[PDB]
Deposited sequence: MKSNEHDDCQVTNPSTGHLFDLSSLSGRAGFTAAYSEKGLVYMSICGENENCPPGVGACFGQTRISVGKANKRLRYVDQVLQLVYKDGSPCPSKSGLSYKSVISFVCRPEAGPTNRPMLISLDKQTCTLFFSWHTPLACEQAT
């Protein structure tokens, strides 16, 4: 799709395209590590097609896409089909990136080792109606 989504109640159109680009961003990981991440497309520091990856290793924590969704005033991307999960049988990492209205850096708030899901939050004016 197009890195946009509408609030189906108000018809307000959200667009995260200004955050897009292969240069992307970083989020702090653990004591001194990081995750490279681009919005609505692959990150240049990551393998081809990969929207987010660990800084130390460039191992993928999810394939980029631009499928933006709206859920209870939050905008969300989900990058799935990352690298094999070091914990799980046949699971792959995924990254859930949640944008919340801020009246501008992604944060890694939780890593679910059981499902190899990384949860990110990004407080940004772009998620405000």
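Numbered from the first deposited residue, the unresolved ranges run 1-6, 110-114, 141-143.
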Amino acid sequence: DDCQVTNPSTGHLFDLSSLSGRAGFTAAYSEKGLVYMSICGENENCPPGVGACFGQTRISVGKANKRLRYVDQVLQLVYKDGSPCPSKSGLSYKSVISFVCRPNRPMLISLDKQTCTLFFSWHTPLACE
From here on, numbers count along this sequence of modelled residues.
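When 67-75 is weighed against 42-50, 67-75 comes out higher, by mean CA B-factor as recorded in the entry. As listed in the deposited structure, the average C-alpha B-factor of 26-34 and of 85-93 is greater for 85-93. The PDB entry gives the largest Cα B-factor of the residues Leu13, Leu19, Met107, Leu118 to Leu13. Sort the chain's modelled residues by C-alpha temperature factor and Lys80 lands in the middle third, per the entry.
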